[PDB]
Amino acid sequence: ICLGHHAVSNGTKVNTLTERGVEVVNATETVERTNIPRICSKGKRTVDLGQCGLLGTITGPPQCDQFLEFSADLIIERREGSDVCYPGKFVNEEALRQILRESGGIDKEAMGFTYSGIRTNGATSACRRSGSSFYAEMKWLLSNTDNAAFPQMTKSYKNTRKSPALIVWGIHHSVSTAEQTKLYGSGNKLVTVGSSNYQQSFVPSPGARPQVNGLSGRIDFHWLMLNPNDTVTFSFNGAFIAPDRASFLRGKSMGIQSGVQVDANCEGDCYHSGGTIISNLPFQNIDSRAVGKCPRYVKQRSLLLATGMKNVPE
C-alpha cells in the first residue's frame, strides 16, 4: 500500500519567503484590477451636481438654482461645474469644499438683513435668468444713484441654531477706481468682520484683470462659521456683497469627483473618478486616490496567494 497527494498537469506559479516561481495546485488573486466604469449608487441618496460647482450651492449661481438646499449621502462634482457666474473665486476654497462634501447637504435660513440709505439690487449679464440677475443667496449692495456715498454701516446676525452656521460675503473689485466710485463713491473702502473665533477685515483692490465672460471685475468670496449663540457683525462702507441667507449642514455624506455615469443597479463604497471598485480583496492597483471604503492601494499589479498545496507531477 502507498499513500500520497493530488497533482495536476498545469499549476500556478506563486512566491514564497524562500522561492520565486514555485507551482501550486490552486491559487487566487489578492490584488483587485477589475474596475466598473460607473458610480454605483444603489440605495444611496445621490446628488450629481453636473454644471453646478460645489461652492456654487452656497452663493447660488444660475447653475446651482436647483441645488440651493440639497440633501445627500453621496455628492458628485463634475469637471464642467462652476461655482461662479460673475468672475471670482473663494478664499480658502478647498477647505470649504471638504466641509461641503461631508455635510449631507445644506439647509438655508434668512439672516434678515434690511437696508436704509443704499441701493440693493445689483445685477449683471453673466448671471442670466429671465434677464440679468445675480447670485441667488447674495445681495449686490450699491449707492442709491449712479454715483454718491456709501454710509458706513453695521449689520449683525445671531446664529440661533444648535449647529455651526456657514456665513458667506463678497468683496467686489471693480475694473478701475473710476468704476469703484461710480458704484460706491470714493475714498478707501473697508469691510470688517468678527466673531468669537474670528477677527479680520478687508479692502477692495480695483484695476484691470483678464476678461472672463467679457467682464474684468472680480468678486472675492469669503466665509466663516458662526458657532451656536455666537454672533457676527459686518462693518462696511462699500465694495460689498452681502449674505442674504446663511447655511446649515444637514448631516453626513461623502463627496467624490468623477466623469462616469451614475448607476442605481450596483452597490459600492469605494469610489474613484473613473468608477466604483467592487471587490472583497485586501488590495488594489487601480487608483491610489480612491476614497470611501477600499482595499489598500499597492504598487503591484498582482500577488497570487496559494489556495492549494505544492505541485509535483509524474
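Numbers follow the displayed sequence, beginning with 1.
Judged by mean Cα B factor in the deposited record, 45 to 53 ranks above the other of 45 to 53 and 285 to 293.
Between 9 to 17 and 294 to 302, it is 9 to 17 that carries the larger average Cα temperature factor according to the deposited entry. Within the group 184, 134, 223, 157, the record's highest C-alpha temperature factor is found at 184. The maximum CA B-factor among the listed residues 98, 147, 125, 199, taken from the PDB record, is found at 147. Annotation for residue 218: C-alpha temperature factor in the middle third relative to the rest of the modelled chain, per the entry. Ranked within its chain, residue 204 lands in the highest third, by CA B factor from the PDB record. Per the PDB record, residue ranking by Cα B-factor puts residue 112 in the highest third of the chain. Compared with the other modelled residues of the chain, the Cα B-factor recorded for residue 83 ranks in the middle third. In the PDB entry, residue 170 places in the middle third of its chain by CA B-factor.
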